[PDB]
Amino acid sequence: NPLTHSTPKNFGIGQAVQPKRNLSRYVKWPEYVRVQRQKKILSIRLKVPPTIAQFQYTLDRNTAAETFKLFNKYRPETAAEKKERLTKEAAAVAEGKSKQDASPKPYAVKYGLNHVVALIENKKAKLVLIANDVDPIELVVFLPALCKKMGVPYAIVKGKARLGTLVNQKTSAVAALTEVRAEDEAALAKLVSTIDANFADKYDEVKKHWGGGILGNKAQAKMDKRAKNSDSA
Amino acid sequence: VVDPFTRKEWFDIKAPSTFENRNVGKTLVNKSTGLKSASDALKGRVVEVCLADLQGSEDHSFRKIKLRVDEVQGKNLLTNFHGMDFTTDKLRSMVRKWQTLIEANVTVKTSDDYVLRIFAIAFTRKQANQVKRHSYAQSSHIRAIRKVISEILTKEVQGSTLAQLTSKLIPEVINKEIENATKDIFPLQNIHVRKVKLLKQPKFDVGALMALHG
Amino acid sequence: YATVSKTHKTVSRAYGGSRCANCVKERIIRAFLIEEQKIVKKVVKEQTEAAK
Amino acid sequence: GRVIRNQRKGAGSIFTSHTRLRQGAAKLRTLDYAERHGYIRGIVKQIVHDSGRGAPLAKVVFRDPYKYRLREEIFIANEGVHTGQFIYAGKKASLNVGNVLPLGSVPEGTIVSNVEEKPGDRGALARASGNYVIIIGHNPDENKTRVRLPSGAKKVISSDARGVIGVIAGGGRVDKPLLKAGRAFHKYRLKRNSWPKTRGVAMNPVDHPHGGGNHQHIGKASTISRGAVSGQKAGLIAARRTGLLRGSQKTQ
RNA sequence: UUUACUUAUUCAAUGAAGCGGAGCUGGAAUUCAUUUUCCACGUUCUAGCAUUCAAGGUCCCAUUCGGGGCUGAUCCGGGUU
C-alpha cells in the first residue's frame, strides 16, 4: 500500500509480449503418442463392428466393486506361500505318512485363457468374467459369443490386470470361480443373476448393435451450424 | 424412352411483405426422378412482373419488380426484394427531343450485411405564358440537383434492409422532395429511380430471415 | 578491441559503443516526444468512451 | 544420336543459384494469431537490391510479439516506399500502398503483389519486376477472391489469401534494349548459364534433334505435340496458332 | 444415378501460438414480452522504446532476510494447421 502503484499492460493482438500460455492443446508431438491416442480416436471415427461396439460399452462401477471386494481373499500361493504348500505335505506325508489327501483342494479365483476357455466348453465353471482389453482385438473376440451359445456368465470389466495381480501374474483376461466358500456361497448366487440381466440377455437386443460414426468436438459443433442451423433455431 | 414432362414438378411463387396479393402464378420446375431435383442445389432464379397487376391500379401501371428465391416450406416458397428493372418503352417514352436528361449514380448499404445499388433519371418542363418551344440548361443547374437525390436516399435505406428502402420508394416521397426543393428557382418534373437492383446478400441464418415476414 | 579500458575504448555515455550519438540525438527527441504524445493520445480515449 | 543441353541441365550441377553474396530469399511473415485477427506496427529496415535479380526487395523487419526480439523478414519491391515507412501487416490493417492483408478483407480492382493461393505461403504469384494483379470479383460465400494475373488468368483464391497493395518496383526494365550482350553476360553473372543459345540446324544429327544437312534446316515440322518424348522435345510444343501472336495459350 | 462429412490415401506450412463452439462487455435489426440476433474485441500522424512467475487485485506464510498460485489475458473440450 505505502508505495504499491501499478500501470496497465496490453496483450490484445499485434503488440506486447505474450507470457506463460497453456500450450497444452497445440504442443510438438512425437510418433509414439501420435498413433496410440489417434488409435482409440480412429476407433470412434468409423462404425464399430456388430462383434465389437461392445468394447467401450461395459458394466457399471459399483456392481464390479463387489466382483473384486471378495476376489482379494482368493489370492493363490505366492513363491513364499507356494513353498509353504510343499512344507505342509512334507511334515505330514512323512511325519504321519499321509495319502496325498492331507491339504484340502483349492477354493480360490480361477486364472488362464486357454483353460477358462475349456472351462465354458465343459461349463465346469460356476462364474465367468471377460475383459474389453488386449491389443490384438481379433485375438480374444470369441469370449462373449461362446458364453452365450453355452449359457456361461460373462461380465466385461475394466481391469484384466487386477485379474492377474491377486493371482501372482500380471495379466489373466479371464477371472472365473467354479468353486465357493462355506459362507461366501451367497456371493456366487447373487452375482449369477445380477450379471445375467447385465449382458447375457442384453445380447438379445445387442444382437445387431452398431457403433462409431462420431467426429471430434471440431467437426461436431460446426456440424451443428450447417445441418443444425438448417431448420432448428 | 424419354417423356421428361412427367418429371417436371410445379412450384408456386409468392410475393414480399411490402407488396399486396401474395398469390402470383403457377409455373413448372423439376420433380426428382432419374436422380436430380430443385432445392438446395442452384436457386439462381428471380421474378420479372409489374407491381400494377400485383396490386390493383391502371393510372399507375409501371415499375417492374425483381425478386429472389429464399426458402421452401412444403410447396410454398417465398421471395425477397433483390431488384427492380424497367421496360424500354418506359424510358424511350419519357425521353423526347429538344429537352434535357440527367444520369445520377449512387451506392447505399444496410445493417444486416446487405448491399444494393440505386439510380435516378431527371427531366425538365415549361412555365406560365410560354412562347418559345425550346430552351436548354446552363451546367450550374445539373451539378446541384445530382448531389441532392443521393443525399436523401443514402440516409433513409440504412437499417432494417429493403424493409425501409421500399417504405419510401412506393409512396413516392423522393419524387415530391427533390421537386419542391429546387422549385425555389428551376423545378424539373418526373425524376424517378428507373433501374435499381441488389446483388450482395448476407448468407443464410433463419434468425435474421424471420425478422422480415408476414 | 577486448584489450583496452571502458574509459579508453568506448565512452561512459548512452549507446556510445553501438550507434553514433548523432543519429541517437534525433532518437531521444523522436522517442520522448511520442511518449508524452502517447499519454496525450491515451487520456483522450478515456473520455471519448465516458460520455456514453 | 547423342544428348542435348536442356536434357543435360535437367540432372543439375552448375545450373544452380548464383547466390552467396545475396542478402536472402522471398518469404514475408506467415499468417498467425494477430495476422488473421488484427495487425502490427511494421518497420522497413531498407530497400537493398538482391545480388542476381531485376527489381529490388523490401527487407521488412518485424518487432517479435513473444519477447524483445527483431527478426528481419523479406517482401518484394513496392513502387515508391521510403526507408522507415510504417508498413503495417494485418487483416484489420487499412488498405494502404505497400501494407498487406486478405484480398477478401479488401475491395475489387485493388492491385496487390506477392499473391499466394494459400494465406501464410510467405510468397507465390504476382512477384516478377514491374508487374501487378487486379481483384475482379468478390464472392463472400466460401471465401473466394477472383483475381487476374499478367497474361489473363481467372484464379479465384481465398478471402483470407495474402496480398500486399502496390506494383513490383522495376517497370520499364524490358521497355529498354540492352544493346551490349555484355551486360546480358553481366546479368547471368549471378543467375545461371541459360545463355548463350544456338540453332539445332548448326549442331550435328547426334549433337541435337534438328541436326545435320550440309544445306541447313530442321528436317521435321518445328511444331511438336504439347507432351512430346524426352528426346524429340525442341520446337513448337502445341502451336494451335503461329505468326500474328494474340497472347492466347490454354484458351482466350 | 447424385453431393456430404472425415479418419485412409495426398498438399502446403511452423521452432505444431491461437482451433470448434460458446461466452464475459459493447455496439448494431428491436422485442408479440425477454434476450426474437448480426459484427468487433487495447496497437494508423512520425527509419524510436517493447524481454527476468509482468505489476496490480486476493489469501495462506507463523512473519523474514522472502515465497506461491487464481484472475489479469474468458472458459469448456484435446482434432498443430
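All residue numbers given for chain D refer to Swiss-Prot; the residues shown span 2-253 in order.
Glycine is treated like the rest: Cβ placed from N, Cα and C.
Straight from Swiss-Prot, the features:
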CROSSLNK  D:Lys46  ubiquitin cross-link
CROSSLNK  D:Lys93  ubiquitin cross-link
CROSSLNK  D:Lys119  ubiquitin cross-link
CROSSLNK  D:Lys145  ubiquitin cross-link
MOD_RES   D:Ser52  phosphoserine
MOD_RES   D:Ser95  phosphoserine
MOD_RES   D:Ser159  phosphoserine
MOD_RES   D:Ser160  phosphoserine
MOD_RES   D:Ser249  phosphoserine
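A 10 Å cutoff on Cβ-Cβ distances gives D:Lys93 (ubiquitin cross-link) a total of 16 other Cβ atoms nearby, all chains included. All protein chains included, D:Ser95 (phosphoserine) registers 11 other Cβ atoms within 10 Å of its own Cβ.
Taken residue by residue with DSSP, D:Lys145 (ubiquitin cross-link) is part of a strand. In this structure, D:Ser249 is the one among the modified residues D:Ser159, D:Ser249 with the smallest number of other Cβ atoms inside 10 Å of its Cβ. Proximity to D:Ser160 (phosphoserine), judged by a C-alpha distance within 10 Å, picks out none of the recorded positions D:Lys46, D:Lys93, D:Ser249. In the three-state DSSP classification, D:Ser52 (phosphoserine) falls within coil.
Proximity of D:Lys46 (ubiquitin cross-link) to non-local residues of its own chain (separation of 6 or more, Cβ distance below 8 Å) is seen for D:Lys60, D:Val61, D:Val62, D:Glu73, given in sequence order. Around the Cβ of D:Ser160 (phosphoserine), the number of neighbouring Cβ atoms within 10 Å comes to 19.
It is D:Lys145 that, of the recorded sites D:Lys119, D:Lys145, has its Cβ surrounded by the most other Cβ atoms within 10 Å. Counting only same-chain residues at least 6 apart in sequence, those with a Cβ under 8 Å from the Cβ of D:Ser52 (phosphoserine) are D:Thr20, D:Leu22, D:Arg23, D:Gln24, D:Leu191. The closest partner of D:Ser159 (phosphoserine) among the recorded positions, by CA position, is D:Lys145; the full candidate set was D:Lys93, D:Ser95, D:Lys119, D:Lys145, D:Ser249.
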